[PDB]
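I have placed the structure first, in the form of structure tokens, so that the comments after it can refer back to it.
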Amino acid sequence: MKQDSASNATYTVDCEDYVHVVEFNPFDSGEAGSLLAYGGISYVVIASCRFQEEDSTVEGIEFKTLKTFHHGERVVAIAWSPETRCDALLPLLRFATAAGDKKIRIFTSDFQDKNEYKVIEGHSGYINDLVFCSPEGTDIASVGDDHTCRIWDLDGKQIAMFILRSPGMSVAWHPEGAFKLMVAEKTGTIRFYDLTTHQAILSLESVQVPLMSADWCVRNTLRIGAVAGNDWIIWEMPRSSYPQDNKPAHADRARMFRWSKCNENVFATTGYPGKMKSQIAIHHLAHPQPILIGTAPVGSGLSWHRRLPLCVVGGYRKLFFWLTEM
Amino acid sequence: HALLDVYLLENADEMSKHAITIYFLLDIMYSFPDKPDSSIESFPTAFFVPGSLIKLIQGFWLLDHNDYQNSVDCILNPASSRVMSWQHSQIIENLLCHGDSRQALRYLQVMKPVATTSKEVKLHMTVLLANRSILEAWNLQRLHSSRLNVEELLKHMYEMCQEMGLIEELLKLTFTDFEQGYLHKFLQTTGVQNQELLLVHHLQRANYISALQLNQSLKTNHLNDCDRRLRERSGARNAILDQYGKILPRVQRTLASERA
Amino acid sequence: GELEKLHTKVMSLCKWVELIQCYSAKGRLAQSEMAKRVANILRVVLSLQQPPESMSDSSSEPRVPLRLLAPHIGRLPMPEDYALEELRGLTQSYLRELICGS
Amino acid sequence: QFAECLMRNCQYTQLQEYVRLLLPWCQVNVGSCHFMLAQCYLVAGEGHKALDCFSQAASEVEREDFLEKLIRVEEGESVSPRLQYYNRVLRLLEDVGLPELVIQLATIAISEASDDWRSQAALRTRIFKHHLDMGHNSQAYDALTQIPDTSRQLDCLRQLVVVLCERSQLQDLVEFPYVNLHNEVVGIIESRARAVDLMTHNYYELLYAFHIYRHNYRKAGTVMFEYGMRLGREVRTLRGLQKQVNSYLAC
């Protein structure tokens, strides 16, 4: 937990379903404005959202649902490929999910009433994380509970498999990089994979365990953020095989670490979900204290706006938006 | 040799043919059990078939022999690969036909079957309503009430709840205007007895003006009917409406002051 | 041995409460006061005729004699002040009566 | 003792790696495996995968004296070992605190509670309470509607009106139509209104508006006139004078 500059959601969105997963569009949109998607237990809803931050005609927030799709077993993680289109006569959609079935499923859509599906095979132990590993995404890297990092194609074939020491909790794409991937282990091992040559380049070691959530800096490559134990840690390349900076993130078991998609010094963290009406802690660098605290009755999902310093956290049938600094 | 030629056919899965052969071998074993142990039981390990599928085949054998309890136990046994939606549907439909509502409910609760089709939803709500899970049934109905499936869901609920008598339970829920409007439209054209039942529903939701309009309609209808039980009930109803309408708000009092 | 007499005479004199003729406003006002009080005491006695330690019927919901009461009680007006609660009780009465009608 | 020590030494990661190595070939203690795997899931914050682990674990609990003890952690009834499983998991759910996980676990657990209606009443009561805590008042009402136990009904009605006042959504309780119950609700609200001070709220105007809702001009006028009476007895300001004017007006 963290409590500093606690406030209500700058924007609050009322939905017809509890929020299981929810997150923005990272980059590469066919048109202006942020698409966002939330999947619950049997439905996934994509909706375009406009803020008074961006648009003056849009007052507060104008959220308009593009689609609600009937899916099966509850979606537990969603993979965006930064190649989707919103312009012209055909909006491209190629998005993946991992559900309460341990399996991965790929969905392609065009708004023209064509949507077919590719279910991607699993492995030993549940899919812990999955991200498209191209700057537009065509291939997905997944980490699971077999200490294997398995790269798959759109067809469902093993692009690659890397043998890890412990089951990987998180896999991360480098939008600033090119086939630069991170794989995070519970023991505290961070591995950088050059998927262009399948040669592992650099490693990081965390002194706080277990390690489950991390991220690159969005506006910098030397800065690597993560949450371990109960504190948030930043490593500075190439001078660390140990925490460069480590400051408390959440007294309870902090779960998610995210970096601002327009800031190289502002990041967001979530508390341990639910329970104490979990708080989003928006931190600025060189501040153990969070520069912002927001309250969501359950901690479910954490996203950063494509170019706004806007952080969204889901909760019980609701979405909560907080704006932060550069 | 016909069984052998199955292998020569297009193999969609070696596990499928292995399961067929294992089922046949188990049938052989139960045709004449000799000796307490056999190397034929070593066939699944010899051809490397998962123990999940082994327990599954045991369940299939038990369900075929209508040992539904043991079949359900073997299926619900953990670490078992999840079976496919079609056989979910057939299993649950057979169980309901046989009257094993508790067993079907246990199957659904443990395996957590998928439902993304109107038919799947109808089957699951059928199991739940036969097992008295009306609350979750209504909740999932509200969840999946699309613009396409909502009226079908409503009609199915109406018929099935009429069959198994959960009316007072149903009357105690939050609703929507479309649901009540469709209810009124459906029940309006479905005979006199449904007219008095929906009259009761008006009164249960405190709908006295509409109740009186329905009463006027029924009285106008019953001017050529000559059933004596209907005459008794209709005289009772006339006393009822004369009692009620005079006390209600004054609109029907002005209508009564108006000539008839 | 006197409770039975209570039931017999009460349900009878219900039949002749109808023939009460009031030729004054205060007469009809006292008539109304009587009606409200008799409704109150009738509720009390119909509740307490199953004494809290010597219940008469086990759990049975008997058929109400409203099939005889209504044709005479319907012959008088009633103030909507307590006619509301009386009329509501009468509502759930007619509900069972009609769900078990002729 | 191996798994017991993995619990004791906080070796949760060693726990899941052990159990993953053991389960596909060891078809005994599988319920316990799913148990402490779900324990790690709730520990790390994936209590929904934890819930599914418990869902799969509930099928076989008969063996493993360790598991059987968890049927002896819930004695007095044996409707189903699944039901003692449900009681223990709900106990831990209340110890730790995800109300919605409790909610769905119960909406499932209704199956194995075929007897002992006290359990049914308590469970739908808990459903009611969590629905209110998150403001899910409509299906809070729905869960309440299946409670016939009048004692629990009174507890729930009191806490109901308390939270309704705290959150200022009474009008919904009225917007719900019913039959034969205003006697109950008026008894409750007058019990509260007489007991509490008038300056916190005009529960009298509240009830008066209900009277309007129920077309009862007699009782409405009486209520508003008597609230004018109370104001005249209590306060002596000219604002109050306007207020009794409005009271007698409405009467």
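Please note that chains go A, B, ... in the order of the structure tokens, that every chain numbers its residues from 1, and that ligands are numbered from 1 in the order shown.
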
Could the residues of chain D within 7 Å of chain C, counting only C-alpha atoms, be given as an mmCIF file with C-alpha atoms, in the first residue's frame, please?
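In the end it all went to result-v4.cif:
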```cif
data_model
loop_
_atom_site.group_PDB
_atom_site.id
_atom_site.type_symbol
_atom_site.label_atom_id
_atom_site.label_comp_id
_atom_site.auth_asym_id
_atom_site.auth_seq_id
_atom_site.Cartn_x
_atom_site.Cartn_y
_atom_site.Cartn_z
ATOM 1 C CA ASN D 180 -48.241 -6.352 2.144
ATOM 2 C CA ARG D 218 -55.043 10.528 4.408
ATOM 3 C CA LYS D 219 -51.807 9.225 5.917
#
```

> Which neighbours of residue 26 (chain A) fall inside 8 Å, counting only C-alpha atoms, when residues of the same chain fewer than 5 positions from it are skipped, and could you give them as a PyMOL selection string?
Replying inline: chain A and resi 80+82+261+305-306

> For chain B against chain A, which residues fall within 9 Å using only C-alpha atoms, given as a ChimeraX atom specification?
Replying inline: /B:112-117,143-144

With N, CA and C atoms retained, export the selected residues as a compact mmCIF listing (two decimals), in the first residue's frame.
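Result saved to part_36.txt:
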```txt
# COMPACT_ATOMS: atom_id res chain seq x y z
N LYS B 112 -16.88 -26.80 -15.19
CA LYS B 112 -17.10 -25.44 -15.67
C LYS B 112 -17.21 -25.41 -17.19
N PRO B 113 -18.27 -25.97 -17.75
CA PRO B 113 -18.37 -26.07 -19.21
C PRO B 113 -18.56 -24.71 -19.87
N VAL B 114 -18.08 -24.62 -21.11
CA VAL B 114 -18.19 -23.38 -21.85
C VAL B 114 -19.62 -23.16 -22.32
N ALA B 115 -19.97 -21.90 -22.55
CA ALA B 115 -21.27 -21.53 -23.08
C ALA B 115 -21.14 -20.20 -23.80
N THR B 116 -21.24 -20.24 -25.13
CA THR B 116 -21.17 -19.03 -25.93
C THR B 116 -22.25 -19.07 -27.01
N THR B 117 -23.08 -20.11 -26.97
CA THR B 117 -24.18 -20.28 -27.90
C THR B 117 -25.49 -20.23 -27.14
N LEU B 143 -26.71 -11.25 -18.34
CA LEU B 143 -25.38 -11.04 -18.91
C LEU B 143 -25.38 -11.26 -20.41
N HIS B 144 -25.95 -12.38 -20.87
CA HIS B 144 -25.88 -12.76 -22.27
C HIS B 144 -27.12 -12.37 -23.06
```

> Hey, what's within 9 Å of residue 98 (chain C) if we count only C-alpha atoms and toss same-chain stuff fewer than 3 positions away? As a ChimeraX atom specification, please?
Replying inline: /B:196,233,236-237 /C:93-95,101-102

Residues from last step as file, N, CA and C atoms, as a short mmCIF file (atom, residue, chain, number, x, y, z; two decimals), in the first residue's frame:
```cif
data_model
loop_
_atom_site.label_atom_id
_atom_site.label_comp_id
_atom_site.auth_asym_id
_atom_site.auth_seq_id
_atom_site.Cartn_x
_atom_site.Cartn_y
_atom_site.Cartn_z
N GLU B 196 -56.14 -14.06 -15.83
CA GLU B 196 -56.26 -13.87 -14.38
C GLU B 196 -54.91 -14.03 -13.68
N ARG B 233 -66.17 -18.20 -10.40
CA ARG B 233 -64.95 -17.41 -10.30
C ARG B 233 -65.18 -15.99 -10.79
N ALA B 236 -67.13 -14.01 -8.18
CA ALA B 236 -66.13 -13.64 -7.18
C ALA B 236 -65.29 -12.47 -7.67
N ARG B 237 -64.86 -12.53 -8.93
CA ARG B 237 -64.02 -11.48 -9.51
C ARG B 237 -64.77 -10.15 -9.60
N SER C 93 -55.53 -12.64 0.40
CA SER C 93 -56.61 -13.60 0.56
C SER C 93 -57.21 -14.02 -0.78
N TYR C 94 -57.59 -13.04 -1.61
CA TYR C 94 -58.17 -13.38 -2.90
C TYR C 94 -57.16 -14.06 -3.81
N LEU C 95 -55.87 -13.79 -3.62
CA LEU C 95 -54.88 -14.48 -4.44
C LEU C 95 -54.94 -15.98 -4.25
N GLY C 101 -59.54 -21.49 -6.98
CA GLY C 101 -60.93 -21.19 -7.23
C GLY C 101 -61.71 -22.39 -7.74
N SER C 102 -62.90 -22.10 -8.25
CA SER C 102 -63.81 -23.12 -8.75
C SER C 102 -63.24 -23.88 -9.95
#
```

>> Run DSSP on the backbone and tell me which residues of region 31-181 of chain D come out as helix (DSSP H, G or I); list them as a ChimeraX atom specification.
In response: /D:31-44,47-57,65-72,81-96,99-109,117-133,137-144,150-167,170-175

>> Residues of chain B within 7 Å of chain C, counting only C-alpha atoms - could you list those as a list in words?
In response: residues 200, 229, 232, 233, 243 and 247 of chain B

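Taking CA of residue 103 (chain A) and CA of residue 122 (chain A) as endpoints, the distance between them is 5.2 Å.
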
Between chain D and chain B, at 9 Å or less, what are the per-residue closest atom pairs and their distances in Å? Count only C-alpha atoms, order by chain and rising residue number, and return it as a tab-separated table.
```
residue	atom	partner	partner_atom	distance
D:23	CA	B:79	CA	7.5
D:24	CA	B:79	CA	6.7
D:25	CA	B:51	CA	8.0
D:27	CA	B:79	CA	7.7
D:30	CA	B:78	CA	6.9
D:31	CA	B:78	CA	7.8
D:55	CA	B:110	CA	6.1
D:56	CA	B:78	CA	6.0
D:57	CA	B:78	CA	6.9
D:58	CA	B:110	CA	7.9
D:59	CA	B:76	CA	6.1
D:60	CA	B:77	CA	6.8
D:107	CA	B:136	CA	6.9
D:108	CA	B:109	CA	6.7
D:109	CA	B:109	CA	8.8
D:110	CA	B:133	CA	7.8
D:111	CA	B:105	CA	7.6
D:112	CA	B:106	CA	8.7
D:138	CA	B:174	CA	6.3
D:139	CA	B:174	CA	7.3
D:141	CA	B:173	CA	7.6
D:142	CA	B:173	CA	5.2
D:143	CA	B:135	CA	7.9
D:145	CA	B:172	CA	6.0
D:146	CA	B:169	CA	7.4
D:176	CA	B:174	CA	8.2
D:177	CA	B:205	CA	5.8
D:178	CA	B:205	CA	6.0
D:179	CA	B:204	CA	6.0
D:215	CA	B:249	CA	6.8
D:216	CA	B:249	CA	8.9
```

Would you mind exporting C-alpha atoms of the selected residues as a PDB file, in the first residue's frame?
```pdb
ATOM      1  CA  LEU D  23       1.114 -34.069  -9.968  1.00  0.00           C
ATOM      2  CA  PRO D  24       0.884 -35.607 -13.487  1.00  0.00           C
ATOM      3  CA  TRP D  25       2.209 -38.948 -12.247  1.00  0.00           C
ATOM      4  CA  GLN D  27      -2.839 -38.941  -8.628  1.00  0.00           C
ATOM      5  CA  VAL D  30      -4.185 -33.845  -5.783  1.00  0.00           C
ATOM      6  CA  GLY D  31      -6.776 -31.848  -3.852  1.00  0.00           C
ATOM      7  CA  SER D  55     -12.741 -25.689  -7.821  1.00  0.00           C
ATOM      8  CA  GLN D  56     -10.795 -28.632  -9.219  1.00  0.00           C
ATOM      9  CA  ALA D  57      -9.612 -29.728  -5.761  1.00  0.00           C
ATOM     10  CA  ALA D  58     -13.128 -30.071  -4.338  1.00  0.00           C
ATOM     11  CA  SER D  59     -13.874 -33.244  -6.311  1.00  0.00           C
ATOM     12  CA  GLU D  60     -11.857 -35.752  -4.227  1.00  0.00           C
ATOM     13  CA  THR D 107     -23.182 -18.904  -5.953  1.00  0.00           C
ATOM     14  CA  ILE D 108     -21.516 -22.198  -6.826  1.00  0.00           C
ATOM     15  CA  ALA D 109     -21.572 -23.642  -3.298  1.00  0.00           C
ATOM     16  CA  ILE D 110     -25.371 -23.413  -3.200  1.00  0.00           C
ATOM     17  CA  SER D 111     -25.328 -26.873  -4.805  1.00  0.00           C
ATOM     18  CA  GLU D 112     -23.698 -28.811  -1.964  1.00  0.00           C
ATOM     19  CA  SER D 138     -30.241  -4.624  -6.792  1.00  0.00           C
ATOM     20  CA  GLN D 139     -28.971  -8.175  -6.476  1.00  0.00           C
ATOM     21  CA  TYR D 141     -32.175  -7.215  -2.715  1.00  0.00           C
ATOM     22  CA  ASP D 142     -32.423 -10.293  -4.923  1.00  0.00           C
ATOM     23  CA  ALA D 143     -30.294 -12.343  -2.504  1.00  0.00           C
ATOM     24  CA  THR D 145     -35.597 -12.124  -1.205  1.00  0.00           C
ATOM     25  CA  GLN D 146     -34.692 -15.773  -0.577  1.00  0.00           C
ATOM     26  CA  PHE D 176     -39.109  -1.222  -5.530  1.00  0.00           C
ATOM     27  CA  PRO D 177     -42.810  -2.164  -5.458  1.00  0.00           C
ATOM     28  CA  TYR D 178     -44.045  -4.953  -3.209  1.00  0.00           C
ATOM     29  CA  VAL D 179     -47.126  -6.356  -1.491  1.00  0.00           C
ATOM     30  CA  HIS D 215     -51.557   7.266  -3.183  1.00  0.00           C
ATOM     31  CA  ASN D 216     -52.504   7.497   0.505  1.00  0.00           C
TER      32      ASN D 216
END
```

>> If the cut-off is 10 Å, can you tell me the residues of chain A near chain D, counting only C-alpha atoms? I'd like them as a ChimeraX atom specification.
In response: /A:18,20,76,100,124-126,145-147,166-167,186-187,210,212,253-256,271-277,297-300,316-317

Take the residues that were just selected and, keeping N, CA and C atoms, output them as a compact mmCIF listing (two decimals), in the first residue's frame.
```txt
# COMPACT_ATOMS: atom_id res chain seq x y z
N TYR A 18 -17.98 -6.32 -14.39
CA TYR A 18 -16.76 -6.18 -13.61
C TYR A 18 -15.55 -6.29 -14.51
N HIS A 20 -12.17 -7.62 -15.45
CA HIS A 20 -11.12 -8.62 -15.31
C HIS A 20 -9.78 -8.14 -15.84
N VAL A 76 -7.74 -13.82 -19.09
CA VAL A 76 -6.90 -13.41 -17.97
C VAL A 76 -5.75 -12.51 -18.40
N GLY A 100 -8.88 -18.51 -19.09
CA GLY A 100 -8.88 -19.47 -18.00
C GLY A 100 -8.89 -20.88 -18.53
N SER A 124 3.81 -26.65 -20.28
CA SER A 124 3.68 -26.99 -18.87
C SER A 124 3.55 -25.72 -18.04
N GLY A 125 2.58 -25.72 -17.13
CA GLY A 125 2.36 -24.56 -16.29
C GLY A 125 1.69 -23.41 -17.02
N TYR A 126 0.90 -22.62 -16.30
CA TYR A 126 0.04 -21.63 -16.94
C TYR A 126 0.85 -20.53 -17.62
N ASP A 145 4.85 -21.50 -16.47
CA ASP A 145 5.30 -22.22 -15.29
C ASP A 145 5.90 -23.55 -15.72
N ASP A 146 6.94 -23.49 -16.55
CA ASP A 146 7.76 -24.66 -16.86
C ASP A 146 9.22 -24.25 -16.98
N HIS A 147 9.53 -23.03 -16.55
CA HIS A 147 10.79 -22.35 -16.86
C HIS A 147 11.17 -22.53 -18.33
N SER A 166 13.88 -20.69 -13.66
CA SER A 166 12.64 -20.80 -12.91
C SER A 166 11.50 -20.33 -13.80
N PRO A 167 10.27 -20.78 -13.54
CA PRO A 167 9.14 -20.35 -14.36
C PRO A 167 9.06 -18.83 -14.46
N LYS A 186 11.31 -15.62 -11.21
CA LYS A 186 10.99 -15.41 -9.80
C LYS A 186 12.25 -15.32 -8.94
N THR A 187 13.31 -16.02 -9.33
CA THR A 187 14.55 -15.97 -8.57
C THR A 187 15.18 -14.58 -8.61
N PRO A 210 10.27 -12.58 -4.32
CA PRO A 210 10.29 -13.02 -5.72
C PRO A 210 10.17 -11.87 -6.70
N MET A 212 8.38 -10.67 -10.23
CA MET A 212 7.25 -11.03 -11.07
C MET A 212 6.88 -9.99 -12.12
N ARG A 253 1.93 -6.72 -0.79
CA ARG A 253 2.57 -7.35 -1.93
C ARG A 253 2.22 -6.61 -3.21
N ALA A 254 3.06 -5.64 -3.57
CA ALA A 254 2.86 -4.88 -4.79
C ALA A 254 2.90 -5.82 -5.99
N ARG A 255 1.97 -5.62 -6.91
CA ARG A 255 1.77 -6.56 -8.00
C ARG A 255 2.28 -6.07 -9.34
N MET A 256 1.80 -4.93 -9.84
CA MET A 256 2.11 -4.51 -11.20
C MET A 256 2.92 -3.23 -11.21
N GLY A 271 -1.15 -1.72 -5.85
CA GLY A 271 -1.05 -2.50 -4.63
C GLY A 271 -1.50 -3.93 -4.85
N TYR A 272 -1.50 -4.70 -3.77
CA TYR A 272 -1.98 -6.06 -3.87
C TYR A 272 -3.50 -6.01 -4.06
N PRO A 273 -4.05 -6.75 -5.02
CA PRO A 273 -5.41 -6.47 -5.49
C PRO A 273 -6.47 -6.54 -4.39
N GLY A 274 -7.52 -5.73 -4.56
CA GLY A 274 -8.69 -5.83 -3.71
C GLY A 274 -8.38 -5.53 -2.26
N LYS A 275 -8.98 -6.33 -1.38
CA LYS A 275 -8.67 -6.27 0.05
C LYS A 275 -8.95 -4.90 0.64
N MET A 276 -7.89 -4.10 0.70
CA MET A 276 -7.89 -2.77 1.27
C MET A 276 -8.29 -1.69 0.27
N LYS A 277 -9.08 -2.05 -0.75
CA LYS A 277 -9.54 -1.10 -1.76
C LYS A 277 -8.32 -0.52 -2.46
N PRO A 297 -11.53 -0.16 -5.85
CA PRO A 297 -11.95 -1.11 -4.81
C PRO A 297 -11.34 -2.49 -4.96
N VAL A 298 -10.96 -2.86 -6.18
CA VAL A 298 -10.16 -4.05 -6.43
C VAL A 298 -9.06 -3.68 -7.41
N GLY A 299 -7.87 -4.23 -7.20
CA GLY A 299 -6.78 -3.99 -8.12
C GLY A 299 -6.81 -4.93 -9.30
N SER A 300 -7.27 -4.44 -10.45
CA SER A 300 -7.39 -5.26 -11.65
C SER A 300 -6.98 -4.44 -12.86
N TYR A 316 -14.53 -2.74 -9.65
CA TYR A 316 -15.83 -3.38 -9.72
C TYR A 316 -16.73 -2.63 -10.68
N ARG A 317 -16.93 -3.19 -11.88
CA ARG A 317 -17.79 -2.65 -12.93
C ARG A 317 -17.42 -1.23 -13.33
```

> residue 53 (chain B): which residues within 10 Å, counting only C-alpha atoms, same-chain residues fewer than 5 positions away excluded, as a ChimeraX atom specification?
Replying inline: /B:15-16,18-19,44,58-59,75,79-83

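CA of residue 65 (chain A) sits 14.8 Å away from CA of residue 40 (chain A).
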